[PDB]
Every structure is written in C-alpha cells, then in structure tokens.
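Student: structure.tsv is the file, holding TSV, C-alpha atoms and all ligand atoms:
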chain	number	residue	atom	x	y	z
A	4	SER	CA	69.81	130.21	-66.97
A	5	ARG	CA	67.62	128.37	-69.43
A	6	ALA	CA	69.35	127.67	-72.75
A	7	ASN	CA	66.97	125.13	-74.25
A	8	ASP	CA	63.32	124.13	-74.48
A	9	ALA	CA	63.73	120.36	-74.74
A	10	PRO	CA	60.96	118.30	-73.07
A	11	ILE	CA	61.79	115.94	-70.23
A	12	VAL	CA	60.85	112.30	-70.60
A	13	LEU	CA	60.90	109.88	-67.62
A	14	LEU	CA	61.94	106.26	-68.11
A	15	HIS	CA	61.73	103.44	-65.54
A	16	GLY	CA	63.84	100.31	-64.98
A	17	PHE	CA	63.05	96.61	-64.57
A	18	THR	CA	59.90	97.56	-62.76
A	19	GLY	CA	57.70	100.45	-63.89
A	20	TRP	CA	54.31	101.30	-65.28
A	21	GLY	CA	52.23	104.05	-66.85
A	22	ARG	CA	50.51	106.89	-65.01
A	23	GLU	CA	47.07	105.26	-65.00
A	24	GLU	CA	48.42	101.86	-63.97
A	25	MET	CA	48.77	100.60	-60.41
A	26	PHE	CA	45.65	102.52	-59.38
A	27	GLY	CA	47.61	105.71	-60.02
A	28	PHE	CA	50.47	105.00	-57.61
A	29	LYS	CA	53.35	106.58	-59.54
A	30	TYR	CA	56.65	104.86	-60.24
A	31	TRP	CA	58.16	108.34	-60.47
A	32	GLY	CA	57.31	109.58	-56.97
A	33	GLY	CA	55.78	106.58	-55.19
A	34	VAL	CA	54.69	107.35	-51.64
A	35	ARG	CA	56.25	110.83	-51.88
A	36	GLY	CA	54.05	112.21	-54.68
A	37	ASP	CA	54.15	112.67	-58.44
A	38	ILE	CA	57.50	113.82	-59.85
A	39	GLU	CA	56.12	114.54	-63.33
A	40	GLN	CA	53.50	116.79	-61.79
A	41	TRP	CA	56.04	118.61	-59.64
A	42	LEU	CA	58.13	119.28	-62.74
A	43	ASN	CA	55.21	120.41	-64.89
A	44	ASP	CA	53.83	122.63	-62.12
A	45	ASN	CA	57.26	124.27	-61.89
A	46	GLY	CA	57.53	125.07	-65.60
A	47	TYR	CA	59.51	122.02	-66.74
A	48	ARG	CA	57.39	120.23	-69.33
A	49	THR	CA	57.63	116.52	-68.54
A	50	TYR	CA	56.21	113.27	-69.94
A	51	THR	CA	56.42	109.61	-68.87
A	52	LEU	CA	57.23	106.50	-70.96
A	53	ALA	CA	56.09	103.00	-70.00
A	54	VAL	CA	57.88	100.14	-71.72
A	55	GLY	CA	58.23	96.41	-71.02
A	56	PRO	CA	59.81	96.20	-67.54
A	57	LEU	CA	61.34	92.72	-68.04
A	58	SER	CA	62.11	93.11	-71.75
A	59	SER	CA	65.55	93.62	-73.30
A	60	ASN	CA	66.91	97.12	-73.64
A	61	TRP	CA	66.62	96.64	-77.41
A	62	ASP	CA	62.91	95.86	-77.22
A	63	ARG	CA	62.35	98.75	-74.81
A	64	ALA	CA	64.26	101.20	-77.05
A	65	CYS	CA	62.08	100.20	-80.04
A	66	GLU	CA	59.00	100.67	-77.86
A	67	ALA	CA	60.22	104.06	-76.57
A	68	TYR	CA	60.83	105.18	-80.14
A	69	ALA	CA	57.26	104.41	-81.26
A	70	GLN	CA	55.72	105.84	-78.09
A	71	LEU	CA	57.54	109.11	-78.73
A	72	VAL	CA	57.22	109.63	-82.50
A	73	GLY	CA	54.10	107.51	-83.08
A	74	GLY	CA	53.50	104.36	-85.07
A	75	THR	CA	53.67	100.61	-84.62
A	76	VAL	CA	56.56	99.23	-82.60
A	77	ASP	CA	59.07	97.55	-84.90
A	78	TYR	CA	61.73	95.39	-83.26
A	79	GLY	CA	63.55	94.87	-86.54
A	80	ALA	CA	63.21	91.87	-88.84
A	81	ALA	CA	66.71	90.53	-88.08
A	82	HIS	CA	66.32	90.87	-84.32
A	83	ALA	CA	62.87	89.27	-84.33
A	84	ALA	CA	64.11	86.34	-86.42
A	85	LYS	CA	67.10	85.84	-84.13
A	86	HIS	CA	65.11	85.64	-80.91
A	87	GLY	CA	61.81	84.15	-82.09
A	88	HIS	CA	59.35	86.90	-81.11
A	89	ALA	CA	57.00	89.10	-83.11
A	90	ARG	CA	58.58	91.77	-85.28
A	91	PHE	CA	55.73	94.21	-84.67
A	92	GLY	CA	54.21	95.32	-81.38
A	93	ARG	CA	51.72	97.88	-80.16
A	94	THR	CA	50.53	100.98	-81.97
A	95	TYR	CA	50.80	104.52	-80.63
A	96	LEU	CA	49.60	107.98	-81.55
A	97	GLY	CA	52.89	109.34	-80.29
A	98	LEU	CA	53.54	111.65	-77.37
A	99	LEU	CA	55.66	114.06	-79.36
A	100	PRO	CA	55.35	113.55	-83.10
A	101	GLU	CA	57.24	116.81	-83.66
A	102	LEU	CA	60.38	114.85	-82.74
A	103	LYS	CA	60.50	113.87	-86.41
A	104	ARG	CA	60.36	117.63	-87.06
A	105	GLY	CA	63.08	119.16	-84.94
A	106	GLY	CA	62.05	118.85	-81.28
A	107	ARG	CA	64.53	117.51	-78.73
A	108	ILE	CA	64.24	115.73	-75.39
A	109	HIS	CA	66.05	115.15	-72.11
A	110	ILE	CA	65.61	111.59	-70.91
A	111	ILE	CA	65.71	111.04	-67.16
A	112	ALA	CA	66.09	107.31	-66.52
A	113	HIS	CA	66.16	105.16	-63.39
A	114	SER	CA	67.91	101.83	-62.98
A	115	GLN	CA	67.83	99.75	-66.18
A	116	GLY	CA	66.14	102.72	-67.90
A	117	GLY	CA	69.63	104.19	-68.20
A	118	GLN	CA	70.75	101.34	-70.41
A	119	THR	CA	67.62	101.74	-72.52
A	120	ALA	CA	68.15	105.48	-72.92
A	121	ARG	CA	71.80	105.05	-74.02
A	122	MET	CA	70.69	102.42	-76.51
A	123	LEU	CA	67.93	104.60	-77.94
A	124	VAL	CA	70.51	107.35	-78.55
A	125	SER	CA	72.90	104.93	-80.24
A	126	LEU	CA	70.17	103.63	-82.54
A	127	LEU	CA	68.83	107.11	-83.31
A	128	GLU	CA	72.23	108.42	-84.35
A	129	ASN	CA	73.79	105.34	-85.94
A	130	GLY	CA	70.93	102.96	-86.70
A	131	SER	CA	71.70	99.24	-86.93
A	132	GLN	CA	74.00	97.94	-89.66
A	133	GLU	CA	72.64	94.43	-89.10
A	134	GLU	CA	69.03	95.46	-89.60
A	135	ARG	CA	69.93	97.56	-92.66
A	136	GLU	CA	71.71	94.64	-94.29
A	137	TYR	CA	68.95	92.16	-93.37
A	138	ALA	CA	66.20	94.35	-94.83
A	139	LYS	CA	68.08	94.54	-98.14
A	140	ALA	CA	68.94	90.85	-98.31
A	141	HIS	CA	65.35	89.82	-97.55
A	142	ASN	CA	63.51	92.64	-99.34
A	143	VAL	CA	61.57	93.71	-96.26
A	144	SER	CA	60.86	97.14	-94.82
A	145	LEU	CA	63.15	98.89	-92.35
A	146	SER	CA	62.14	101.06	-89.43
A	147	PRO	CA	63.57	104.57	-89.67
A	148	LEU	CA	65.06	103.90	-86.23
A	149	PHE	CA	67.61	101.60	-87.89
A	150	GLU	CA	68.60	104.11	-90.57
A	151	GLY	CA	70.75	106.39	-88.46
A	152	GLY	CA	70.84	110.19	-88.73
A	153	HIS	CA	68.12	110.97	-86.22
A	154	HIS	CA	69.28	113.07	-83.31
A	155	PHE	CA	66.43	114.03	-81.04
A	156	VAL	CA	67.99	113.32	-77.63
A	157	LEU	CA	69.84	116.33	-76.17
A	158	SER	CA	70.62	114.64	-72.83
A	159	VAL	CA	70.43	111.35	-70.94
A	160	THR	CA	70.48	111.39	-67.14
A	161	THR	CA	70.82	108.04	-65.38
A	162	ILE	CA	69.94	107.46	-61.76
A	163	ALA	CA	71.19	104.30	-60.03
A	164	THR	CA	71.76	102.62	-63.40
A	165	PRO	CA	73.69	99.34	-63.66
A	166	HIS	CA	75.89	100.51	-66.53
A	167	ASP	CA	78.33	97.68	-65.76
A	168	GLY	CA	75.54	95.37	-64.55
A	169	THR	CA	74.61	94.32	-61.04
A	170	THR	CA	76.03	91.26	-59.26
A	171	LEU	CA	72.51	90.70	-57.93
A	172	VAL	CA	71.91	88.57	-61.01
A	173	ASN	CA	74.56	86.08	-59.82
A	174	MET	CA	72.71	85.18	-56.60
A	175	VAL	CA	71.76	81.60	-56.15
A	176	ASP	CA	68.11	81.76	-56.39
A	177	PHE	CA	68.02	85.06	-58.18
A	178	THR	CA	64.94	83.88	-60.08
A	179	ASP	CA	62.67	83.59	-57.05
A	180	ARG	CA	64.16	86.59	-55.26
A	181	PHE	CA	63.79	88.76	-58.35
A	182	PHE	CA	60.11	88.05	-58.71
A	183	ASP	CA	59.74	88.43	-54.95
A	184	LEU	CA	61.24	91.89	-55.42
A	185	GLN	CA	58.52	92.58	-57.99
A	186	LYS	CA	55.93	91.47	-55.46
A	187	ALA	CA	57.46	93.81	-52.85
A	188	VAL	CA	57.11	96.70	-55.29
A	189	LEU	CA	53.46	95.75	-55.94
A	190	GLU	CA	52.91	95.73	-52.17
A	191	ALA	CA	54.45	99.19	-51.78
A	192	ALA	CA	51.70	100.23	-54.21
A	193	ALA	CA	49.09	98.45	-52.04
A	194	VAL	CA	48.73	95.80	-54.73
A	195	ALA	CA	48.56	92.20	-53.47
A	196	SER	CA	50.17	89.30	-55.31
A	197	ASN	CA	47.54	86.71	-54.32
A	198	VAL	CA	44.46	88.66	-55.45
A	199	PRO	CA	42.64	87.75	-58.67
A	200	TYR	CA	42.56	91.25	-60.19
A	201	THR	CA	40.29	91.49	-63.21
A	202	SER	CA	41.53	94.96	-64.16
A	203	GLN	CA	44.99	95.09	-65.73
A	204	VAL	CA	46.74	96.85	-62.81
A	205	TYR	CA	50.30	96.33	-64.08
A	206	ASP	CA	50.69	95.42	-67.75
A	207	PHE	CA	54.05	93.70	-68.40
A	208	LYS	CA	53.71	94.58	-72.09
A	209	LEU	CA	54.94	91.22	-73.40
A	210	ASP	CA	52.81	91.17	-76.55
A	211	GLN	CA	55.83	90.20	-78.66
A	212	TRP	CA	56.19	86.97	-76.65
A	213	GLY	CA	52.46	86.27	-76.58
A	214	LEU	CA	52.41	86.62	-72.78
A	215	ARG	CA	49.68	88.35	-70.84
A	216	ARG	CA	48.15	87.98	-67.39
A	217	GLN	CA	44.64	86.53	-67.63
A	218	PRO	CA	41.83	88.47	-65.99
A	219	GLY	CA	41.41	86.87	-62.57
A	220	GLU	CA	44.95	85.45	-62.56
A	221	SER	CA	46.97	86.47	-59.51
A	222	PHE	CA	50.43	87.99	-59.92
A	223	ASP	CA	51.72	84.99	-57.95
A	224	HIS	CA	50.44	82.62	-60.63
A	225	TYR	CA	51.44	84.90	-63.50
A	226	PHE	CA	54.99	85.32	-62.22
A	227	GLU	CA	55.36	81.54	-62.05
A	228	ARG	CA	54.49	81.45	-65.75
A	229	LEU	CA	56.94	84.29	-66.54
A	230	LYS	CA	59.82	82.53	-64.78
A	231	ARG	CA	59.36	79.67	-67.21
A	232	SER	CA	58.95	81.85	-70.32
A	233	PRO	CA	61.45	83.30	-72.84
A	234	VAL	CA	61.38	86.72	-71.16
A	235	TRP	CA	63.15	84.95	-68.32
A	236	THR	CA	65.03	82.18	-70.14
A	237	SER	CA	66.25	83.83	-73.37
A	238	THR	CA	69.16	86.23	-73.95
A	239	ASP	CA	66.75	88.88	-75.25
A	240	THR	CA	65.79	89.98	-71.74
A	241	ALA	CA	66.28	92.54	-68.97
A	242	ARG	CA	67.80	89.67	-66.99
A	243	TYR	CA	70.57	89.16	-69.53
A	244	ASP	CA	71.30	92.88	-69.96
A	245	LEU	CA	71.30	93.37	-66.19
A	246	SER	CA	74.11	90.89	-65.56
A	247	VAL	CA	77.75	91.95	-65.45
A	248	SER	CA	78.40	89.85	-68.57
A	249	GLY	CA	75.39	91.17	-70.47
A	250	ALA	CA	75.99	94.80	-69.54
A	251	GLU	CA	79.54	94.50	-70.83
A	252	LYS	CA	78.28	93.14	-74.14
A	253	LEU	CA	75.83	96.05	-74.39
A	254	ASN	CA	78.67	98.48	-73.61
A	255	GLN	CA	80.71	97.13	-76.51
A	256	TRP	CA	78.31	98.69	-79.00
A	257	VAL	CA	76.25	101.29	-77.11
A	258	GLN	CA	78.57	104.28	-76.99
A	259	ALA	CA	78.26	107.92	-75.94
A	260	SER	CA	77.04	110.17	-78.78
A	261	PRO	CA	79.15	113.30	-79.22
A	262	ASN	CA	75.86	115.18	-79.62
A	263	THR	CA	74.32	114.21	-76.27
A	264	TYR	CA	75.02	115.32	-72.68
A	265	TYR	CA	75.21	112.36	-70.28
A	266	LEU	CA	74.68	112.86	-66.54
A	267	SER	CA	75.09	110.07	-63.99
A	268	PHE	CA	73.82	109.87	-60.42
A	269	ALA	CA	74.88	107.06	-58.10
A	270	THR	CA	73.27	105.74	-54.91
A	271	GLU	CA	74.55	103.91	-51.83
A	272	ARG	CA	72.84	102.87	-48.64
A	273	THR	CA	75.48	100.78	-46.89
A	274	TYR	CA	78.16	100.81	-44.23
A	275	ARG	CA	81.43	98.93	-44.39
A	276	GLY	CA	82.40	96.26	-41.87
A	277	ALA	CA	85.77	97.18	-40.36
A	278	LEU	CA	86.75	93.52	-40.03
A	279	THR	CA	85.23	91.85	-43.11
A	280	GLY	CA	85.47	94.73	-45.59
A	281	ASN	CA	81.94	93.71	-46.60
A	282	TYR	CA	79.15	96.26	-46.91
A	283	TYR	CA	75.89	96.09	-44.96
A	284	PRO	CA	72.52	97.77	-45.39
A	285	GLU	CA	71.82	100.93	-43.38
A	286	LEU	CA	68.87	101.66	-41.16
A	287	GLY	CA	66.07	102.88	-43.41
A	288	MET	CA	66.81	100.78	-46.49
A	289	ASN	CA	63.60	99.32	-47.92
A	290	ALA	CA	63.01	96.07	-46.06
A	291	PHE	CA	63.02	93.69	-49.02
A	292	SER	CA	66.35	94.93	-50.36
A	293	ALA	CA	67.84	95.01	-46.87
A	294	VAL	CA	66.93	91.40	-46.07
A	295	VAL	CA	67.02	89.66	-49.44
A	296	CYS	CA	69.44	91.58	-51.71
A	297	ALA	CA	71.97	93.85	-49.96
A	298	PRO	CA	73.73	91.19	-47.91
A	299	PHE	CA	74.70	89.35	-51.10
A	300	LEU	CA	75.62	92.53	-53.00
A	301	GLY	CA	77.91	93.70	-50.20
A	302	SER	CA	79.72	90.36	-49.80
A	303	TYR	CA	79.88	88.65	-53.20
A	304	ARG	CA	83.35	88.63	-54.78
A	305	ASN	CA	84.35	86.90	-57.99
A	306	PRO	CA	87.93	87.17	-59.30
A	307	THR	CA	86.89	85.62	-62.64
A	308	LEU	CA	84.39	88.42	-63.29
A	309	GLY	CA	86.67	91.12	-61.85
A	310	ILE	CA	84.34	91.54	-58.91
A	311	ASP	CA	86.44	92.81	-56.00
A	312	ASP	CA	86.01	95.02	-52.93
A	313	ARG	CA	85.16	98.02	-55.14
A	314	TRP	CA	81.87	96.33	-56.09
A	315	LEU	CA	80.54	95.82	-52.56
A	316	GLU	CA	79.12	99.28	-51.82
A	317	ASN	CA	75.52	99.19	-53.05
A	318	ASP	CA	72.04	100.74	-52.93
A	319	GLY	CA	70.29	97.47	-52.17
A	320	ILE	CA	69.88	96.44	-55.83
A	321	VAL	CA	72.89	97.69	-57.85
A	322	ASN	CA	76.59	97.98	-57.05
A	323	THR	CA	77.48	101.65	-56.66
A	324	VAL	CA	80.62	101.36	-58.78
A	325	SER	CA	78.45	100.33	-61.76
A	326	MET	CA	76.49	103.58	-61.75
A	327	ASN	CA	78.73	106.49	-62.78
A	328	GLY	CA	78.75	105.28	-66.39
A	329	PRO	CA	79.68	102.33	-68.58
A	330	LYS	CA	83.27	101.15	-68.01
A	331	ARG	CA	83.40	97.40	-68.65
A	332	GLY	CA	83.68	96.99	-72.42
A	333	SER	CA	83.27	100.75	-72.94
A	334	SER	CA	85.38	103.53	-74.41
A	335	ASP	CA	83.09	106.23	-72.99
A	336	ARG	CA	84.76	108.96	-71.00
A	337	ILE	CA	83.64	109.74	-67.47
A	338	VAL	CA	84.47	113.11	-65.94
A	339	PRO	CA	83.71	114.33	-62.44
A	340	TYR	CA	81.24	117.19	-62.56
A	341	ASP	CA	83.14	120.48	-62.44
A	342	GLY	CA	80.27	122.95	-62.68
A	343	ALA	CA	80.04	122.88	-66.47
A	344	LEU	CA	78.12	120.10	-68.20
A	345	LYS	CA	79.83	118.63	-71.27
A	346	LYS	CA	78.58	116.87	-74.42
A	347	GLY	CA	79.71	113.40	-75.41
A	348	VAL	CA	80.99	112.32	-72.00
A	349	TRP	CA	79.52	111.15	-68.70
A	350	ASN	CA	79.19	114.04	-66.31
A	351	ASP	CA	79.61	112.17	-63.04
A	352	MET	CA	77.27	113.93	-60.62
A	353	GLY	CA	78.48	111.84	-57.66
A	354	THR	CA	76.83	109.57	-55.11
A	355	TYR	CA	73.78	110.13	-52.93
A	356	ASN	CA	73.06	108.31	-49.68
A	357	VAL	CA	69.63	107.08	-50.77
A	358	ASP	CA	68.55	103.55	-51.79
A	359	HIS	CA	67.43	102.18	-55.16
A	360	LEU	CA	63.75	102.73	-54.34
A	361	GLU	CA	64.05	105.78	-52.16
A	362	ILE	CA	65.51	107.77	-55.03
A	363	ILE	CA	62.21	107.50	-56.96
A	364	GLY	CA	60.08	107.84	-53.82
A	365	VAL	CA	58.75	104.27	-53.80
A	366	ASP	CA	60.33	103.79	-50.35
A	367	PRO	CA	60.13	106.69	-47.89
A	368	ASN	CA	63.14	108.67	-46.73
A	369	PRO	CA	62.15	111.83	-45.01
A	370	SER	CA	65.65	113.32	-44.91
A	371	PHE	CA	65.93	113.04	-48.70
A	372	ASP	CA	64.30	116.13	-50.25
A	373	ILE	CA	63.16	114.33	-53.37
A	374	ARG	CA	61.24	117.31	-54.78
A	375	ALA	CA	64.32	119.52	-54.46
A	376	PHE	CA	66.51	116.84	-56.08
A	377	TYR	CA	64.37	116.58	-59.20
A	378	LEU	CA	63.70	120.31	-59.49
A	379	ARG	CA	67.44	121.05	-59.30
A	380	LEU	CA	68.07	118.43	-61.96
A	381	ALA	CA	65.39	119.91	-64.22
A	382	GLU	CA	66.99	123.33	-63.80
A	383	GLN	CA	70.39	121.93	-64.86
A	384	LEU	CA	68.87	120.18	-67.86
A	385	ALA	CA	67.12	123.40	-68.93
A	386	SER	CA	70.52	125.14	-68.75
A	387	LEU	CA	72.11	122.84	-71.31
A	388	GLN	CA	73.51	124.60	-74.36
A	389	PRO	CA	72.12	123.07	-77.54
V	1	CA	CA	63.63	104.27	-46.32
V	2	CL	CL	77.41	87.63	-65.38
V	3	CL	CL	59.44	110.10	-46.75
V	4	ZN	ZN	63.61	91.41	-78.70
Any chance you could give the structure as structure tokens?
Ligand SMILES: [Ca+2]
Ligand SMILES: [Cl-]
Ligand SMILES: [Cl-]
Ligand SMILES: [Zn+2]

Tutor:
Amino acid sequence: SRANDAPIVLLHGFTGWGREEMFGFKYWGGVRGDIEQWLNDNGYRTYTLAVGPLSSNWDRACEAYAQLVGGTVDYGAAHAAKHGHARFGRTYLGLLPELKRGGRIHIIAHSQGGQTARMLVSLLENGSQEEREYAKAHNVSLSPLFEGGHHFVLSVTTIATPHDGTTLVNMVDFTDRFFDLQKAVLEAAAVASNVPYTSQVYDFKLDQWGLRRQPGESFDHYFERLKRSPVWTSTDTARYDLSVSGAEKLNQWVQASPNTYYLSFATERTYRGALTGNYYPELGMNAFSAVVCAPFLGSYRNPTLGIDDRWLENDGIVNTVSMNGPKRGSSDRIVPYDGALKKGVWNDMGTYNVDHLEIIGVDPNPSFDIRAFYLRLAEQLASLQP
C-alpha cells in the first residue's frame, strides 16, 4: 500500500543523456521502450535527470541539485579553485522547485548514478564544511547545497552501481576501451561514431572544462580530444571515482543518511570456470562487454588492492561484489532484504542475472521482464513510510 507521494527521479551512469537527445532513444529503456513513460502511465510520477556522464560525482551532484530546484549550477568556490574549472555552470528553471518547499523524491540510479545519488544526499543533509569555510575566508557566496539541513531525498535505489569501484578501470588500455564502450552505446542507439553530426545528438555537458563537440566533428575525433583533456586526466572525474581507489575515497565521506531508505540491486552475467575459478561472460551478454570487458573483470586479481576471487563475478562492466552497497572505506550498514524496507541502511535487494546494459534495456534480453521489474520497484518505493 502507498504510504508516500514522493516523485521518482531517474539518474544515469557514465553514459546517459536527456529524453530529447540521441534522437529520442532512451537511456532508461533503450531498445525495450521508455521506462519513465511506463511508470507515469501506471500512476508513478517520474522524471529524468541528465548530468555530465564523464564528470565527477561531485560535479554531477551539483548539476542534479540545480536541475531539480532550479538556478545556476554552482560547483563551489573551493572545489572549482582546487581543480581549475569554472565555478558556475548551466542555468535551469528547475524540474521540481517545490523541493525547496517540502516535496520529496525517490532517486533511481544506474551504475555510477548510484554514487552521485548518495553524494547528493550527503551534501543535502550535511553540506560541505570545506566550502562553508572557504566562502567565509574569501568573502564569496555559498550555494545552499553546501549549507546542510536540506532533506528532500526519501530514498536512493542503486542498480548495478560500483559502490566499491570497478576493476575495469585497472585494465591496460582502459582509456581506449572505455571510449570504445561509449561508441558501442552510441551504436546501440543507431548513432555512428564516424559521422559529422551537426545536431548535438549527445551533449557531454562539459561546460565547466570548456569542452564541447564542434558541429560537424565526429564522435571519433571528439573522443580523441576528451582522452587528452582534464575530464580524463584529472582526479575530478568519473574515471577517478569509478576506480577501486577512488570509490573508497568517496566512501570515506559519503555516508548513509539516517533519513533516507537505500535499496541496492546487483547484476551478474557470468559463469565460473571449474578449473580456473575465473568468471566468463554468458550467452546473451552485450557483445562489446563480452569481448572487451568481461574477460578482464572475471580474471583480474590484485592482492595489493584486496582484489580476490570474490571480485570476479561481474555484469560485464562492474564487479558484482561492489554493488550491494559501499563497503571499502565505509561504515554504512548493509542488510539483506527481509520484506520490510529500513531507513539509514542499505536494503540489499539481491542479484539479478542480467547484464549492465540489459538492466536498463539498452541491450535486449527477452527473458528479463524489464517493465515488471521497474513497476514492482515503483510500487515498493510508493510503499515507503515517510
Ligand atoms: Ca542480451
Ligand atoms: Cl584503483
Ligand atoms: Cl528483449
Ligand atoms: Zn569539479
């Protein structure tokens, strides 16, 4: 039974784009349909955020904040000075300006979106001590995001999120493979990487770095520029936060709010070798992951980083063990779902045999009833006791 009226807000990972981008091919639904529309049509009011796919979780949280409540993105004077990018970004009207006036939301997040969502909650509730102190010392303005005492997120649900990072980042040649993964996602959308699109198609939203694809510039050529830019080479990046080391650093400060329900869903699409104890991609895994990513994920061990056999099961992009909630560098509690959802802890909703891209419908999987999955989740979220 419904116990709240909080709106659902969808949040993508290290790829992802707005509803009018990609010629309307949805990140949330892909070849399967339009998840936001399914939810809305079934009485679960649902919106979609679109933030910088390659940007740091911090940047993306600041962007999400302004997209939701309205205003001009403010990355924080101290943060901007530290990393050498613009303090201020784009300007929004604001999807839900009544979030400053008592509304609440459920965030459903895929992949790296789960990090971003946790970070938004932390900043909303606690602010940033560093930004507060910087603003004083330098007599400059402070975003309300960094004040603390804002509480508008009732729940965060994470789906295939690298809470403890993914070992994919440690691959030799991760740089080229990672942008080749982006190209494979474009291609799933029937977008070519060697075509000189004059329309925007897929805006990487890198205003703060001064980066933008030129009209007529192919994604091939653009991605070569990005590889060489600070959104690939700095520590203020998705790349850094995605790594086992970076995720652990994030976990050291981004904690579970006692006022928020956290739900985690994991994914795996592998079988174990009886002789090697390695894991191997199943029939039906999206081809790019199967060929380029999964073999590494299911075989890479690293005693120095605490990467052992428990890390090898994977969904083609992220180690499954990473997904049930933050553990490395974290004091968050994780509890197996027992039929009653709890505040302030990770409600571990278990592991689904679906790959990183299947679970959002970008890769097909006709035995996965993706509509039923999201509708059941929306029904659970609606049941949450304020
Ligand atoms: Ca498939
Ligand atoms: Cl690392
Ligand atoms: Cl399908
Ligand atoms: Zn930044």

Student: Which residues are close to stretch 347-362 of chain A, i.e. within 8 Å by only C-alpha atoms, leaving aside same-chain residues fewer than 3 positions away? Reply as JSON, numbers by chain.

Tutor: {"A": [114, 163, 259, 260, 261, 262, 263, 264, 265, 266, 267, 268, 269, 270, 271, 272, 288, 289, 318, 319, 320, 321, 327, 328, 335, 336, 337, 338, 339, 340, 344, 365, 366, 367, 368, 371, 373]}

Student: What is the atom CA of residue A:246-atom CA of residue A:181 distance in Å, reported with one decimal?

Tutor: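 It comes out at 12.8 Å.
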
Student: Would you pick out the contacts of residue A:61 at 10 Å or less, using only C-alpha atoms, so that residues sharing its chain but fewer than 4 positions from it are not included, and give the list as a PyMOL selection string?

Tutor: chain A and resi 65-67+78-79+82+118-119+122-123+126+239-241+244+253

Student: Only C-alpha atoms, please: the residues just picked out, written as a PDB file, keeping the file's coordinate frame.

Tutor:
ATOM      1  CA  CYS A  65      62.080 100.200 -80.040  1.00  0.00           C
ATOM      2  CA  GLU A  66      59.000 100.670 -77.860  1.00  0.00           C
ATOM      3  CA  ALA A  67      60.220 104.060 -76.570  1.00  0.00           C
ATOM      4  CA  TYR A  78      61.730  95.390 -83.260  1.00  0.00           C
ATOM      5  CA  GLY A  79      63.550  94.870 -86.540  1.00  0.00           C
ATOM      6  CA  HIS A  82      66.320  90.870 -84.320  1.00  0.00           C
ATOM      7  CA  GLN A 118      70.750 101.340 -70.410  1.00  0.00           C
ATOM      8  CA  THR A 119      67.620 101.740 -72.520  1.00  0.00           C
ATOM      9  CA  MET A 122      70.690 102.420 -76.510  1.00  0.00           C
ATOM     10  CA  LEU A 123      67.930 104.600 -77.940  1.00  0.00           C
ATOM     11  CA  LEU A 126      70.170 103.630 -82.540  1.00  0.00           C
ATOM     12  CA  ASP A 239      66.750  88.880 -75.250  1.00  0.00           C
ATOM     13  CA  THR A 240      65.790  89.980 -71.740  1.00  0.00           C
ATOM     14  CA  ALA A 241      66.280  92.540 -68.970  1.00  0.00           C
ATOM     15  CA  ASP A 244      71.300  92.880 -69.960  1.00  0.00           C
ATOM     16  CA  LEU A 253      75.830  96.050 -74.390  1.00  0.00           C
TER      17      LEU A 253
END

Student: Please report the interatomic distance between atom CA of residue A:147 and atom CA of residue A:76 in Å with one decimal.

Tutor: 11.3 Å

Student: Taking all atoms listed in the file into account, produce a table as CSV in which each residue of chain A with an atom at most 12 Å from an atom of ligand CL 2 (chain V) appears once, together with its shortest atom pair and the distance in Å to one decimal, ordered by chain and rising number.

Tutor:
residue,atom,partner,partner_atom,distance
A:167,CA,V:CL2,CL,10.1
A:168,CA,V:CL2,CL,8.0
A:169,CA,V:CL2,CL,8.5
A:170,CA,V:CL2,CL,7.2
A:171,CA,V:CL2,CL,9.4
A:172,CA,V:CL2,CL,7.1
A:173,CA,V:CL2,CL,6.4
A:174,CA,V:CL2,CL,10.3
A:238,CA,V:CL2,CL,12.0
A:242,CA,V:CL2,CL,10.0
A:243,CA,V:CL2,CL,8.1
A:244,CA,V:CL2,CL,9.3
A:245,CA,V:CL2,CL,8.4
A:246,CA,V:CL2,CL,4.6
A:247,CA,V:CL2,CL,4.3
A:248,CA,V:CL2,CL,4.0
A:249,CA,V:CL2,CL,6.5
A:250,CA,V:CL2,CL,8.4
A:251,CA,V:CL2,CL,9.0
A:252,CA,V:CL2,CL,10.4
A:305,CA,V:CL2,CL,10.2
A:307,CA,V:CL2,CL,10.1
A:308,CA,V:CL2,CL,7.3
A:309,CA,V:CL2,CL,10.5
A:310,CA,V:CL2,CL,10.3
A:331,CA,V:CL2,CL,11.9

Student: What gap, in Å, lies between atom CA of residue A:117 and atom CA of residue A:274?

Tutor: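 Computed distance, atom CA of residue A:117 to atom CA of residue A:274, equals 25.7 Å.
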
Student: Kindly work out which residues sit at most 10 Å from ligand ZN 4 (chain V), using all atoms listed in the file, and give the list as a list in words.

Tutor: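 I would give the residues around ligand ZN 4 (chain V) as residues 58, 59, 60, 61, 62, 63, 64, 65, 77, 78, 79, 81, 82, 83, 84, 85, 86, 87, 88, 89, 90, 211, 212, 234, 237, 238, 239 and 240 of chain A.
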
Student: Kindly indicate which residue among A:316, A:300, A:20, A:228 lies nearest to residue A:56, using all atoms listed in the file for the distances.

Tutor: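 Among the listed residues, A:20 lies closest to residue A:56.
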
Student: Tell me which protein, DNA and RNA residues are within 9 Å of residue A:180, counting all atoms listed in the file, leaving out same-chain ones fewer than 5 positions away, and put them as a PyMOL selection string.

Tutor: chain A and resi 174+185+295-296

Student: Could you save the residues just selected, with C-alpha atoms, as a compact mmCIF listing (two decimals), keeping the file's coordinate frame?

Tutor:
# COMPACT_ATOMS: atom_id res chain seq x y z
CA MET A 174 72.71 85.18 -56.60
CA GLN A 185 58.52 92.58 -57.99
CA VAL A 295 67.02 89.66 -49.44
CA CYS A 296 69.44 91.58 -51.71

Student: For a quick check of understanding, using only C-alpha atoms and all ligand atoms, which of A:121, A:113, A:379, A:35 has the smallest distance to ligand CL 3 (chain V)?

Tutor: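 Ranking A:121, A:113, A:379, A:35 by distance to ligand CL 3 (chain V), first place goes to A:35.
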
Student: Using all atoms listed in the file, can you tell me which of A:48, A:257, A:370, A:298 comes closest to ligand CL 3 (chain V)?

Tutor: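 Closest candidate: A:370.
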
Student: Closest to ligand CL 3 (chain V) among A:193, A:34, A:143, A:381, using all atoms listed in the file?

Tutor: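 Closest candidate: A:34.
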
Student: Find the residue from A:286, A:343, A:111, A:209 that sits nearest to ligand CA 1 (chain V); use only C-alpha atoms and all ligand atoms when measuring.

Tutor: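 Of the candidates, the smallest distance to ligand CA 1 (chain V) is held by A:286.
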
Student: Using all atoms listed in the file for the distances, tell me which of A:386, A:334, A:49, A:292 is nearest to ligand CA 1 (chain V).

Tutor: A:292

Student: So which residues are close to (44.9, 89.9, -51.9), meaning at most 12 Å away in the file's coordinates with all atoms listed in the file counted, and can you show them as a PyMOL selection string?

Tutor: chain A and resi 186+189-190+193-200+219-223
